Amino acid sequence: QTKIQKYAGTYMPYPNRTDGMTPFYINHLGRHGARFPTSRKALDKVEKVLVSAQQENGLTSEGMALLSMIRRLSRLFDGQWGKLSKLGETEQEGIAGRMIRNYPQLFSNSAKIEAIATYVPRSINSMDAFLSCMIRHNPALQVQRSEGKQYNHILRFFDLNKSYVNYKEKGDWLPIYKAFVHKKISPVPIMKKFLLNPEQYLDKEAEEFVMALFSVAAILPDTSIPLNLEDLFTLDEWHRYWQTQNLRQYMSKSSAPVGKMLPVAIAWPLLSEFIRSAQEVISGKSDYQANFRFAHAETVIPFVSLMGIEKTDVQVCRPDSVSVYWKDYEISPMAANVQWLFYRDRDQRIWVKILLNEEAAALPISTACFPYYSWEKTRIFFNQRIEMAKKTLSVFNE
């Protein structure tokens, strides 16, 4: 299932992880856990195509079965749109649990932690699943919990930059994505499963039907509903779908040349706030043992690219090559998270280890003891990235 689950892309459930080496601070950004679909539009598209085909003797047996299943999913999703699922809660409990067992001294005694979230409920509920796990392990923790639009500048910067919002909604990446879909998605073999004479559908309505169907199948494992549609498609069909969605995320939210790094540059306030909270703990201005932050794929993807974690800021000029070099499911699955772990050696020098989804990440700077980087060198590097981001944003004036 490993192959196939990756092809859900940013809908992939958080992967399976297992549990003087003690950090003095953890700096965290996490996406909410596995969630319900946010929108009924894909479901409606599939249902409309199938009902119309039923009225013209257009359905196969499996098509009729699909129609009944789509109508059932409509009922099960009602009133649940965008919510954190039971799986998403367990995902946060696992991330907190492994952090506790890996670094028990950091969160022992009366350790102080702070957590923030956006105003979106699934992110608030993810923070609370995470904090409840921490408190249950150590009720003596001191905890500050807050959330809301006051954190839009660092957690929802993708909503606040007008040039980026215009790029996201109608920028030059759209024609590239649409042409890539049209060349990658062969809908006839898929549709023949459910529809008689699929060749009499226009390419455009055929692609929309198939893409909407993939979307429904792709989000279902995140809902905790005991229903599965991954078998509607072969492994090669899932591969081709994933390639189109991977390209969509890359060009709209990351370092694609067509975006001129505007999607990445907008993340600099969060990188700046990461640096400041660490520096305040190092100086004693802050006495937190950890800062946690709960937000969205749209936060994590540009933040990771701006950090320069290797591969994630690659600027690939040929769209067909993107999937070789940049993989959304390695960056922003459900419950995606970045952790900076800070250590003091016996000479009192500060080192940092970067974890992307709980695995050590590399930076394009040197170290003689990978995966630990000099914090002084890392901070200088990150400050250069922030300055580059500000210069990029100046070309778009705002």
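Throughout, we count residues from 1 along the sequence that is shown.
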| query | finding |
| --- | --- |
| Chain break class for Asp19 to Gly20, judged by how many deposited residues have no coordinates | 4 to 9 |
| Higher-B stretch (mean Cα B-factor, as the entry records it), 243 to 251 or 198 to 206 | 198 to 206 |
| Entry-level comparison of average CA B-factors, 365 to 373 and 60 to 68, reporting the higher stretch | 60 to 68 |
| Maximum C-alpha temperature factor, selected from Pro189, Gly88, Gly82, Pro257 | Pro189 |
| Top Cα B factor in the deposited entry, candidates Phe130, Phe180, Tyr103, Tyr288 | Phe180 |
| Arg344 CA temperature factor, ranked by third within the chain | middle |
| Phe274 CA temperature factor, ranked by third within the chain | lowest |
| Entry-reported Cα temperature factor of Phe292, expressed as the chain third it lands in | lowest |
| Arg98 by Cα B-factor - lowest, middle or highest third of the modelled chain | lowest |
| Cα B factor band for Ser126 (lowest, middle or highest third within the chain) | lowest |
